[PDB]
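Asks: This one is data-v6.txt, compact mmCIF, C-alpha atoms.
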```
# COMPACT_ATOMS: atom_id res chain seq x y z
CA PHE A 142 -7.74 2.30 21.61
CA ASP A 143 -6.36 -0.60 23.69
CA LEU A 144 -3.67 -1.43 21.08
CA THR A 145 -0.82 0.95 21.98
CA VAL A 146 2.43 -0.14 20.31
CA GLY A 147 5.69 1.38 19.13
CA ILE A 148 8.04 0.15 16.39
CA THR A 149 11.52 1.67 16.13
CA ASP A 150 15.19 0.94 15.30
CA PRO A 151 15.59 -0.53 11.79
CA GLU A 152 18.64 -2.59 12.78
CA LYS A 153 20.36 -4.39 9.89
CA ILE A 154 21.62 -7.97 10.08
CA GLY A 155 24.78 -7.34 8.06
CA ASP A 156 25.48 -6.91 4.36
CA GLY A 157 23.41 -8.09 1.42
CA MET A 158 20.48 -7.09 -0.78
CA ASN A 159 16.90 -7.31 0.53
CA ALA A 160 17.20 -9.94 3.26
CA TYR A 161 16.60 -8.97 6.91
CA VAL A 162 16.27 -5.90 9.16
CA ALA A 163 15.46 -6.17 12.87
CA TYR A 164 12.62 -4.13 14.39
CA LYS A 165 12.52 -2.79 17.94
CA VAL A 166 8.80 -3.27 18.62
CA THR A 167 7.55 -2.00 21.98
CA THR A 168 3.99 -3.05 22.83
CA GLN A 169 2.04 -1.43 25.69
CA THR A 170 -1.29 -3.07 24.89
CA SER A 171 -4.35 -3.24 27.16
CA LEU A 172 -6.92 -6.13 27.15
CA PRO A 173 -5.16 -8.62 29.47
CA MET A 174 -4.85 -11.37 26.88
CA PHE A 175 -1.76 -9.27 26.30
CA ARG A 176 0.32 -10.45 29.22
CA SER A 177 1.86 -7.73 31.36
CA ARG A 178 1.29 -4.24 29.79
CA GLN A 179 5.03 -3.78 29.10
CA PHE A 180 6.65 -5.83 26.33
CA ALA A 181 9.41 -4.82 23.91
CA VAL A 182 9.96 -7.46 21.24
CA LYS A 183 12.74 -7.54 18.65
CA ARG A 184 11.22 -9.05 15.51
CA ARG A 185 12.88 -9.68 12.15
CA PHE A 186 10.63 -9.73 9.10
CA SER A 187 10.78 -12.18 6.16
CA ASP A 188 10.42 -14.87 8.85
CA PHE A 189 6.86 -14.50 10.15
CA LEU A 190 5.42 -14.06 6.69
CA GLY A 191 6.01 -17.80 6.56
CA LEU A 192 3.99 -17.85 9.77
CA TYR A 193 1.43 -15.78 7.86
CA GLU A 194 1.40 -18.41 5.13
CA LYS A 195 0.87 -21.07 7.78
CA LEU A 196 -2.06 -18.85 8.80
CA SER A 197 -3.06 -18.76 5.12
CA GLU A 198 -3.20 -22.54 4.75
CA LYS A 199 -4.78 -22.74 8.22
CA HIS A 200 -7.74 -20.56 7.29
CA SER A 201 -7.86 -22.40 3.99
CA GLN A 202 -8.60 -25.60 5.89
CA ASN A 203 -10.88 -24.07 8.54
CA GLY A 204 -12.29 -20.81 7.13
CA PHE A 205 -10.73 -18.31 9.54
CA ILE A 206 -9.72 -14.68 8.94
CA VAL A 207 -6.13 -13.34 8.58
CA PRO A 208 -5.10 -9.63 8.82
CA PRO A 209 -3.22 -7.33 6.28
CA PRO A 210 0.26 -8.47 5.02
CA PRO A 211 3.38 -8.50 7.27
CA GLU A 212 5.23 -7.49 4.01
CA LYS A 213 8.60 -9.31 3.72
CA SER A 214 11.85 -8.47 1.83
CA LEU A 215 13.51 -9.88 -1.32
CA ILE A 216 11.51 -7.12 -2.99
CA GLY A 217 14.03 -4.42 -3.92
CA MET A 218 15.74 -6.31 -6.74
CA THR A 219 13.23 -9.16 -7.22
CA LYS A 220 9.48 -9.61 -7.80
CA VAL A 221 8.73 -5.84 -7.91
CA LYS A 222 8.83 -3.70 -11.07
CA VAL A 223 10.69 -1.91 -9.42
CA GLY A 224 11.74 -0.92 -5.89
CA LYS A 225 14.38 1.53 -4.60
CA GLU A 226 16.37 1.10 -1.39
CA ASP A 227 17.40 4.69 -0.61
CA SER A 228 13.70 5.49 -0.50
CA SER A 229 13.25 2.25 1.45
CA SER A 230 16.02 2.91 4.02
CA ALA A 231 13.59 4.10 6.66
CA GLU A 232 10.49 4.98 4.70
CA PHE A 233 9.43 1.67 3.19
CA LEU A 234 10.18 0.25 6.61
CA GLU A 235 7.59 2.76 7.81
CA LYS A 236 5.33 1.32 5.11
CA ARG A 237 6.00 -2.08 6.69
CA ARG A 238 4.99 -0.44 9.98
CA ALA A 239 1.76 0.78 8.36
CA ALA A 240 0.93 -2.68 6.99
CA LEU A 241 1.83 -4.09 10.42
CA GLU A 242 -0.45 -1.57 12.13
CA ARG A 243 -3.29 -2.71 9.89
CA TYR A 244 -2.18 -6.27 10.72
CA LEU A 245 -2.54 -5.45 14.43
CA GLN A 246 -5.92 -3.75 14.05
CA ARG A 247 -7.49 -6.53 12.04
CA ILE A 248 -5.93 -9.27 14.17
CA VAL A 249 -7.80 -7.54 17.02
CA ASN A 250 -10.89 -7.46 14.71
CA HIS A 251 -11.24 -11.30 14.88
CA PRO A 252 -11.08 -11.51 18.79
CA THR A 253 -12.11 -15.15 19.08
CA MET A 254 -9.69 -16.00 16.27
CA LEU A 255 -7.23 -13.70 18.01
CA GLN A 256 -7.57 -16.24 20.83
CA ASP A 257 -5.55 -18.77 18.89
CA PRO A 258 -2.88 -18.05 21.50
CA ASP A 259 0.01 -19.89 19.84
CA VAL A 260 0.51 -17.25 17.15
CA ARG A 261 -0.16 -14.42 19.62
CA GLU A 262 2.66 -15.74 21.81
CA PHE A 263 4.69 -16.13 18.61
CA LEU A 264 4.24 -12.42 17.93
CA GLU A 265 4.81 -11.19 21.50
CA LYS A 266 7.91 -13.33 22.14
CA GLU A 267 11.32 -13.81 20.50
CA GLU A 268 12.15 -17.27 19.14
CA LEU A 269 13.16 -15.95 15.68
CA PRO A 270 13.79 -18.39 12.80
CA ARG A 271 17.03 -18.62 10.86
CA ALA A 272 17.88 -16.99 7.51
CA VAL A 273 16.60 -19.73 5.15
CA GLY A 274 13.52 -17.71 4.22
CA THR A 275 14.41 -17.25 0.52
CA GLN A 276 13.22 -20.28 -1.47
CA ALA A 277 10.56 -21.35 -3.98
CA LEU A 278 8.21 -24.24 -3.13
CA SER A 279 4.91 -22.99 -4.61
CA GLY A 280 3.95 -26.42 -5.98
CA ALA A 281 0.61 -26.07 -4.20
CA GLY A 282 -0.11 -23.14 -6.50
CA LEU A 283 1.17 -25.31 -9.35
CA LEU A 284 -1.47 -27.93 -8.46
CA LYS A 285 -4.04 -25.11 -8.38
CA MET A 286 -2.97 -24.25 -11.93
CA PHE A 287 -3.41 -27.94 -12.80
CA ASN A 288 -6.90 -28.09 -11.29
CA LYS A 289 -7.93 -24.87 -13.10
CA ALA A 290 -8.82 -27.09 -16.09
CA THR A 291 -11.36 -28.96 -13.95
CA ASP A 292 -12.56 -25.59 -12.62
CA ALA A 293 -13.19 -24.36 -16.18
CA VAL A 294 -15.50 -27.32 -16.91
CA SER A 295 -17.25 -27.46 -13.52
CA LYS A 296 -17.93 -23.71 -13.07
CA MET A 297 -21.47 -23.95 -14.53
CA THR A 298 -22.46 -26.63 -12.01
CA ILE A 299 -21.04 -24.24 -9.44
CA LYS A 300 -23.18 -21.42 -10.93
CA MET A 301 -26.46 -23.32 -10.47
CA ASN A 302 -26.52 -22.35 -6.75
CA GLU A 303 -28.20 -19.41 -4.95
CA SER A 304 -25.54 -17.83 -2.70
CA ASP A 305 -23.46 -16.92 -5.74
CA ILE A 306 -26.62 -15.27 -7.08
CA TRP A 307 -26.16 -13.02 -4.06
CA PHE A 308 -22.41 -12.86 -4.69
CA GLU A 309 -21.62 -12.46 -8.40
CA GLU A 310 -22.75 -8.82 -8.54
CA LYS A 311 -19.82 -8.12 -6.23
CA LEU A 312 -17.63 -10.18 -8.58
CA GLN A 313 -18.39 -8.14 -11.72
CA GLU A 314 -18.43 -4.93 -9.68
CA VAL A 315 -15.01 -5.63 -8.18
CA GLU A 316 -13.77 -6.58 -11.66
CA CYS A 317 -14.58 -3.15 -13.08
CA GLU A 318 -13.28 -1.61 -9.83
CA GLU A 319 -9.96 -3.46 -10.05
CA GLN A 320 -9.57 -2.49 -13.70
CA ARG A 321 -10.19 1.22 -12.99
CA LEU A 322 -7.99 1.21 -9.83
CA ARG A 323 -5.03 -0.52 -11.59
CA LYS A 324 -5.34 2.17 -14.29
CA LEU A 325 -5.58 4.97 -11.71
CA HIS A 326 -2.53 3.22 -9.82
CA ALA A 327 -0.51 3.50 -13.03
CA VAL A 328 -1.43 7.14 -13.69
CA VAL A 329 -0.80 8.04 -10.00
CA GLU A 330 2.69 6.55 -10.19
CA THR A 331 3.13 8.40 -13.48
CA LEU A 332 2.52 11.60 -11.50
CA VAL A 333 4.99 10.35 -8.86
CA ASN A 334 7.60 10.05 -11.63
CA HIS A 335 6.27 13.52 -13.16
CA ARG A 336 6.83 15.54 -9.98
CA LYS A 337 10.55 14.69 -9.86
CA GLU A 338 11.41 16.46 -13.09
CA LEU A 339 8.88 19.12 -12.02
CA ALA A 340 10.95 19.74 -8.89
CA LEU A 341 14.27 19.58 -10.73
CA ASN A 342 12.91 21.95 -13.41
CA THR A 343 11.73 24.55 -10.89
CA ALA A 344 14.87 24.13 -8.76
CA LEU A 345 17.02 24.81 -11.82
CA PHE A 346 14.72 27.77 -12.47
CA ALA A 347 15.64 29.16 -9.05
CA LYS A 348 19.29 28.41 -9.80
CA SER A 349 18.97 30.23 -13.13
CA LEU A 350 17.39 33.14 -11.27
CA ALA A 351 20.53 33.14 -9.11
CA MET A 352 22.62 32.96 -12.30
CA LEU A 353 20.96 35.69 -14.37
CA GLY A 354 20.62 37.97 -11.34
CA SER A 355 24.35 38.53 -11.62
CA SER A 356 26.01 41.29 -13.70
CA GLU A 357 23.36 43.82 -12.66
CA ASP A 358 22.83 46.47 -9.98
CA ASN A 359 19.07 46.59 -9.38
CA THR A 360 19.45 45.23 -5.83
CA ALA A 361 15.70 44.91 -5.30
CA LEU A 362 16.12 42.22 -7.97
CA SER A 363 18.81 40.63 -5.79
CA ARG A 364 16.44 40.51 -2.80
CA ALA A 365 13.80 39.14 -5.20
CA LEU A 366 16.23 36.33 -6.10
CA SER A 367 17.03 35.62 -2.44
CA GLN A 368 13.32 35.45 -1.53
CA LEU A 369 12.00 33.68 -4.66
CA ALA A 370 14.54 30.84 -4.63
CA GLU A 371 13.66 29.85 -1.07
CA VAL A 372 9.88 30.17 -1.48
CA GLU A 373 10.16 28.08 -4.65
CA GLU A 374 11.99 25.50 -2.55
CA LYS A 375 9.16 25.67 0.01
CA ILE A 376 6.60 24.94 -2.72
CA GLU A 377 8.98 22.26 -4.04
CA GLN A 378 9.27 20.35 -0.77
CA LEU A 379 5.54 20.85 -0.05
CA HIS A 380 4.13 19.27 -3.19
CA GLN A 381 7.07 16.84 -3.20
CA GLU A 382 6.22 15.38 0.21
CA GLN A 383 2.51 15.24 -0.66
CA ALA A 384 3.16 13.86 -4.18
CA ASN A 385 5.21 10.97 -2.96
CA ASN A 386 4.00 9.90 0.46
CA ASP A 387 0.25 9.85 0.16
CA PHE A 388 0.14 8.73 -3.46
CA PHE A 389 2.43 5.71 -2.99
CA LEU A 390 0.68 4.88 0.34
CA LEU A 391 -2.77 4.89 -1.34
CA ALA A 392 -1.02 2.78 -4.00
CA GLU A 393 0.17 0.22 -1.42
CA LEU A 394 -3.35 0.34 0.05
CA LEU A 395 -4.96 -0.60 -3.25
CA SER A 396 -2.14 -3.08 -3.94
CA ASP A 397 -2.56 -5.24 -0.86
CA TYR A 398 -6.30 -4.66 -1.28
CA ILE A 399 -5.89 -6.42 -4.66
CA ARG A 400 -3.92 -9.08 -2.76
CA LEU A 401 -6.90 -9.47 -0.41
CA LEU A 402 -9.17 -9.74 -3.45
CA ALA A 403 -6.97 -12.47 -4.94
CA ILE A 404 -6.91 -14.47 -1.72
CA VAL A 405 -10.69 -14.27 -1.36
CA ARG A 406 -10.94 -15.44 -5.00
CA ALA A 407 -8.84 -18.39 -3.83
CA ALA A 408 -11.08 -18.69 -0.74
CA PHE A 409 -14.24 -19.42 -2.66
CA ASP A 410 -12.11 -21.45 -5.07
CA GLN A 411 -11.39 -23.68 -2.07
CA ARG A 412 -15.13 -23.61 -1.37
CA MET A 413 -15.57 -24.73 -5.00
CA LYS A 414 -13.07 -27.56 -4.55
CA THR A 415 -14.77 -28.82 -1.40
CA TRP A 416 -18.10 -28.41 -3.23
CA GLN A 417 -17.02 -30.80 -5.96
CA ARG A 418 -15.49 -33.02 -3.24
CA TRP A 419 -18.86 -33.67 -1.62
CA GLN A 420 -20.46 -33.64 -5.09
CA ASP A 421 -18.49 -36.55 -6.51
CA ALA A 422 -18.50 -38.11 -3.02
CA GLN A 423 -22.30 -38.41 -3.07
CA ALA A 424 -22.19 -39.36 -6.77
CA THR A 425 -19.82 -42.30 -6.21
CA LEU A 426 -21.78 -43.04 -3.00
CA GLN A 427 -25.04 -43.55 -4.90
CA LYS A 428 -23.40 -45.45 -7.78
CA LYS A 429 -21.12 -47.97 -6.09
CA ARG A 430 -23.24 -48.31 -2.95
CA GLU A 431 -26.32 -49.24 -4.95
CA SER A 432 -24.12 -51.58 -7.02
CA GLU A 433 -23.27 -53.22 -3.70
CA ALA A 434 -26.94 -53.15 -2.65
CA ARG A 435 -28.44 -54.76 -5.77
CA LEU A 436 -26.51 -58.03 -5.27
CA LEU A 437 -28.44 -58.95 -2.09
CA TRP A 438 -29.74 -62.36 -3.23
CA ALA A 439 -26.21 -63.63 -3.31
CA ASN A 440 -26.96 -64.64 0.26
CA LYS A 441 -24.36 -62.69 2.22
CA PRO A 442 -26.03 -59.97 4.32
CA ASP A 443 -22.68 -58.63 5.58
CA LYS A 444 -22.31 -56.75 2.29
CA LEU A 445 -25.75 -55.25 2.95
CA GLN A 446 -24.68 -54.27 6.47
CA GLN A 447 -21.47 -52.56 5.35
CA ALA A 448 -23.30 -50.86 2.46
CA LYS A 449 -25.89 -49.59 4.95
CA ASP A 450 -23.12 -48.26 7.20
CA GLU A 451 -21.49 -46.64 4.16
CA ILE A 452 -24.65 -44.90 2.95
CA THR A 453 -25.66 -43.85 6.49
CA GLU A 454 -22.44 -42.39 7.90
CA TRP A 455 -21.30 -41.09 4.52
CA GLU A 456 -24.56 -39.19 3.88
CA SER A 457 -24.47 -37.86 7.45
CA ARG A 458 -20.99 -36.43 7.01
CA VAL A 459 -21.70 -35.11 3.48
CA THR A 460 -24.85 -33.29 4.62
CA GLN A 461 -22.79 -32.06 7.57
CA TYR A 462 -20.26 -30.80 5.03
CA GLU A 463 -22.73 -28.82 2.95
CA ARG A 464 -24.48 -27.04 5.80
CA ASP A 465 -21.06 -26.32 7.27
CA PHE A 466 -20.37 -24.81 3.85
CA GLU A 467 -23.46 -22.72 4.45
CA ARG A 468 -21.86 -21.79 7.79
CA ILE A 469 -18.59 -20.76 6.18
CA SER A 470 -20.58 -18.82 3.57
CA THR A 471 -22.21 -16.91 6.43
CA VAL A 472 -18.88 -16.18 8.11
CA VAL A 473 -17.54 -15.08 4.71
CA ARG A 474 -20.49 -12.68 4.46
CA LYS A 475 -19.73 -11.31 7.93
CA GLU A 476 -16.15 -10.89 6.71
CA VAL A 477 -17.63 -9.12 3.66
CA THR A 478 -19.36 -6.68 6.00
CA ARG A 479 -15.99 -6.35 7.75
CA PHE A 480 -14.20 -5.35 4.60
CA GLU A 481 -16.87 -2.90 3.58
CA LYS A 482 -16.10 -1.51 7.02
CA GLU A 483 -12.49 -1.22 5.94
CA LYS A 484 -13.77 0.33 2.70
CA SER A 485 -15.20 2.94 5.05
CA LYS A 486 -11.86 2.99 6.89
CA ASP A 487 -9.59 3.58 3.90
CA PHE A 488 -12.06 5.99 2.34
CA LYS A 489 -11.76 7.69 5.74
CA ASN A 490 -7.99 7.52 5.25
CA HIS A 491 -8.38 9.53 2.07
CA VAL A 492 -10.82 11.80 3.95
CA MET A 493 -8.26 12.49 6.69
CA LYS A 494 -5.68 12.82 3.90
CA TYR A 495 -7.55 15.73 2.36
CA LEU A 496 -8.27 16.96 5.90
CA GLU A 497 -4.54 17.27 6.64
CA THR A 498 -4.01 18.43 3.05
CA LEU A 499 -6.32 21.43 3.43
CA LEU A 500 -4.94 21.93 6.97
CA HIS A 501 -1.20 21.95 6.32
CA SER A 502 -1.61 23.53 2.87
CA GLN A 503 -3.67 26.40 4.28
CA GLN A 504 -1.63 26.94 7.45
CA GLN A 505 1.83 26.67 5.85
CA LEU A 506 0.87 28.45 2.61
CA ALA A 507 -1.07 31.31 4.20
CA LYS A 508 1.54 31.37 7.00
CA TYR A 509 4.30 32.36 4.66
CA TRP A 510 1.78 34.59 2.85
CA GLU A 511 1.18 36.54 6.08
CA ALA A 512 4.89 36.32 6.91
CA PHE A 513 6.15 37.38 3.48
CA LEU A 514 3.66 40.08 2.53
CA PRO A 515 4.75 42.32 5.50
CA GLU A 516 8.29 42.05 4.18
CA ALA A 517 6.90 42.59 0.66
CA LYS A 518 5.35 45.91 1.63
CA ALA A 519 8.29 47.32 -0.26
CA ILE A 520 11.26 44.91 0.04
CA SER A 521 11.51 42.12 -2.54
```
Output the file's structure in the form of C-alpha cells.

Replies:
Amino acid sequence: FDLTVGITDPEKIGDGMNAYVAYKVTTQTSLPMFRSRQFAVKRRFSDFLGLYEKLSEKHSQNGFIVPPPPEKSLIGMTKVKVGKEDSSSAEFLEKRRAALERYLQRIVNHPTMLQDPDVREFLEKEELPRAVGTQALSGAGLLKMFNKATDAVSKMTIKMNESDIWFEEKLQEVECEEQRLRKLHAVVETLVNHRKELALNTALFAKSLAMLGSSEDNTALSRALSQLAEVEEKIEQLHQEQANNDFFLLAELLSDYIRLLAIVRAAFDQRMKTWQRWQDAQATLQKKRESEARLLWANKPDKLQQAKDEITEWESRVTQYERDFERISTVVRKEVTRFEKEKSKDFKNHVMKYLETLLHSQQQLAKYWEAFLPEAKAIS
C-alpha cells in the first residue's frame, strides 16, 4: 500500500512520570499529496491529541470523520486502572505505534477529508507545542451532563422519526455486544494475570527438578533435568508471549472500539441537539411570527414586511438544516459501512492471529519435537 512509514527511537524528554517521549517517525509515503517521498518527522505525543480534540470538535460542527486515537500519556499513574511502565518502556509505545498505524490507515480512508491540508502539514512537519498538555477543562462535557436532563424528556420526540427505526437495532445490538465484550475483556485480562503465576509455578518446578536431581547418581536423570528445564522454559516463553501480546492488543482494540462507540453516541447526540434546535426554532417561529402577523390592522405594514422576511428566510434555513441533517445521516451510514469494514478488518486481525498462532506453534513446537526426539532415541 502507498502508506509506507517507519516509527523508531522512543527518545525521552527528561525525568518525570507519564509526560512526553519523542518519536522518530520516517514517512516514505506515495500519493503525491505527501510532498517529496522522503520525510522523517520527530513528533512528541500528548500534544497532537489536543489537535485530535480540535478534530473532534471540528467534526462535531461539520460531521466529518476522524481516525483511531493518537493515544497520549498521563496514563501510567492516572486515569487507568492500572498501567505499568516497565511493560510500557518500548512495548506500549509499540501499542501507540499500532494505534497510530490505524490512525494513518483511516486518515487515508477519508481521502477528501484527508485533503484538509492544514492538519496533514501539521502531521508531516515539526512545529511541536510546549509541555502544558496536562490540564482539565472538560466543561463542555459538563454542559453535556447538564443538557442530559433535557435529553431525557425529549428522547421520545426524537424517537418518532424513521431513520432511528433503521438505527436502533444497531443500538440494542451494540449494547449486548459491549456488555459481553467488557465481560470477555475482564476474563481475558484475568488470564493475563493467571499466566504469570503459571509461568512462575512451572519455572519453580524446573528449579525444583534441578534441586531434587541432586544427591543421586542416575545420570540419565541428570540429562533429563538439563533437557526438561530448558524445554519447560521454551513452553513458558511461548505461551507467555502469546498470552500477553495478542490478548492485551485485542483488549486495546475493543477498548478504543468502545471509545469509538461512545463518540458516535455523542455524534447522534449532537444530531439530537441540532434536531431540537430547529424544532424549537420553527416552534418559536410560528408562535411569535404569527403574533406579529395578527396585529396588521394597527396600520404599520413594516411589521408585516419584517415578519414576512423572518418567516421566509427562517423557514428556508430551517428546511435547509433538516435535509442537511438527512445528508449527515447518509454520511453517517456510509461511515457505518466503513466501520463494518473495520469489523471485517479486526476480525481479520484475529484471523491472522490464529494464522500465525497455528504457524509458529506448529513450526516451533514440532521443530523441537523433531530436534529433540533424535536426541531422545536413548539420551534423556

Asks: Considering all atoms listed in the file, can you say which of A:174, A:520, A:413, A:514 comes closest to residue 288 in chain A?

Replies: A:413

Asks: Report, in Å to a single decimal, how far apart CA of residue 376 in chain A and CA of residue 350 in chain A are.

Replies: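 Going from CA of residue 350 in chain A over to CA of residue 376 in chain A, I get 16.0 Å.
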
Asks: Rounded to one decimal in Å, what is the spacing between CA of residue 207 in chain A and CA of residue 244 in chain A?

Replies: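 That distance, rounded to one decimal, is 8.4 Å.
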
Asks: When you look at residue 252 in chain A with a cut-off of 12 Å (counting only C-alpha atoms), what residues show up, excluding the ones that are within fewer than 4 positions of it in the same chain? I need them as a list in words.

Replies: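 Here the qualifying residues turn out to be residues 172, 174, 205, 206, 207, 208, 245, 246, 247, 248, 256, 257, 258 and 261 of chain A.
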
Asks: Between A:289, A:335, A:165, A:213, single out the one closest to residue 237 in chain A, counting all atoms listed in the file.

Replies: A:213

Asks: Between CA of residue 518 in chain A and CA of residue 358 in chain A, what distance in Å does the model show, to one decimal?

Replies: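 Separation of CA of residue 518 in chain A and CA of residue 358 in chain A: 21.0 Å.
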
Asks: Just the residues within 12 Å of residue 454 in chain A, please, counting all atoms listed in the file, with nothing from its chain fewer than 6 positions along; format it as an MDAnalysis selection string.

Replies: chainID A and resid 423 426 447:448 460:461

Asks: Find, counting all atoms listed in the file, the residue in A:372, A:517, A:407, A:459 that gets nearest to residue 282 in chain A.

Replies: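 Of A:372, A:517, A:407, A:459, the one nearest residue 282 in chain A is A:407, counting all atoms listed in the file.
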
Asks: Working from the structure I just supplied, which lacks atoms in range 439-450 of chain A, can you model N, CA, C and O atoms there and output them as an mmCIF file, keeping the file's coordinate frame?

Replies:
```cif
data_model
loop_
_atom_site.group_PDB
_atom_site.id
_atom_site.type_symbol
_atom_site.label_atom_id
_atom_site.label_comp_id
_atom_site.auth_asym_id
_atom_site.auth_seq_id
_atom_site.Cartn_x
_atom_site.Cartn_y
_atom_site.Cartn_z
ATOM 1 N N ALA A 439 -27.395 -62.877 -3.680
ATOM 2 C CA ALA A 439 -26.210 -63.630 -3.310
ATOM 3 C C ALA A 439 -26.150 -63.564 -1.792
ATOM 4 O O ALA A 439 -25.802 -62.524 -1.224
ATOM 5 N N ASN A 440 -26.510 -64.667 -1.134
ATOM 6 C CA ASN A 440 -26.960 -64.640 0.260
ATOM 7 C C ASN A 440 -25.772 -64.412 1.194
ATOM 8 O O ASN A 440 -25.243 -65.322 1.834
ATOM 9 N N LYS A 441 -25.359 -63.149 1.266
ATOM 10 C CA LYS A 441 -24.360 -62.690 2.220
ATOM 11 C C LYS A 441 -24.810 -61.317 2.709
ATOM 12 O O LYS A 441 -24.544 -60.303 2.050
ATOM 13 N N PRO A 442 -25.501 -61.253 3.855
ATOM 14 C CA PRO A 442 -26.030 -59.970 4.320
ATOM 15 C C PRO A 442 -24.986 -59.030 4.898
ATOM 16 O O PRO A 442 -25.323 -57.880 5.207
ATOM 17 N N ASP A 443 -23.740 -59.486 5.057
ATOM 18 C CA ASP A 443 -22.680 -58.630 5.580
ATOM 19 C C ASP A 443 -22.355 -57.505 4.610
ATOM 20 O O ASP A 443 -22.017 -56.390 5.029
ATOM 21 N N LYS A 444 -22.455 -57.789 3.307
ATOM 22 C CA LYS A 444 -22.310 -56.750 2.290
ATOM 23 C C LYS A 444 -23.418 -55.714 2.418
ATOM 24 O O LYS A 444 -23.174 -54.511 2.269
ATOM 25 N N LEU A 445 -24.637 -56.167 2.726
ATOM 26 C CA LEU A 445 -25.750 -55.250 2.950
ATOM 27 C C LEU A 445 -25.521 -54.402 4.194
ATOM 28 O O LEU A 445 -25.830 -53.205 4.203
ATOM 29 N N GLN A 446 -24.944 -55.002 5.240
ATOM 30 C CA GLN A 446 -24.680 -54.270 6.470
ATOM 31 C C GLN A 446 -23.609 -53.202 6.267
ATOM 32 O O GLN A 446 -23.767 -52.055 6.708
ATOM 33 N N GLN A 447 -22.519 -53.555 5.577
ATOM 34 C CA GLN A 447 -21.470 -52.560 5.350
ATOM 35 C C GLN A 447 -21.915 -51.501 4.350
ATOM 36 O O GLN A 447 -21.532 -50.338 4.496
ATOM 37 N N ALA A 448 -22.754 -51.860 3.368
ATOM 38 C CA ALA A 448 -23.300 -50.860 2.460
ATOM 39 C C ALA A 448 -24.260 -49.916 3.175
ATOM 40 O O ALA A 448 -24.289 -48.717 2.870
ATOM 41 N N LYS A 449 -25.023 -50.433 4.142
ATOM 42 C CA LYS A 449 -25.890 -49.590 4.950
ATOM 43 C C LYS A 449 -25.085 -48.633 5.817
ATOM 44 O O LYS A 449 -25.436 -47.453 5.947
ATOM 45 N N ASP A 450 -23.986 -49.124 6.397
ATOM 46 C CA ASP A 450 -23.120 -48.260 7.200
ATOM 47 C C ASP A 450 -22.465 -47.191 6.337
ATOM 48 O O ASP A 450 -22.367 -46.023 6.748
#
```
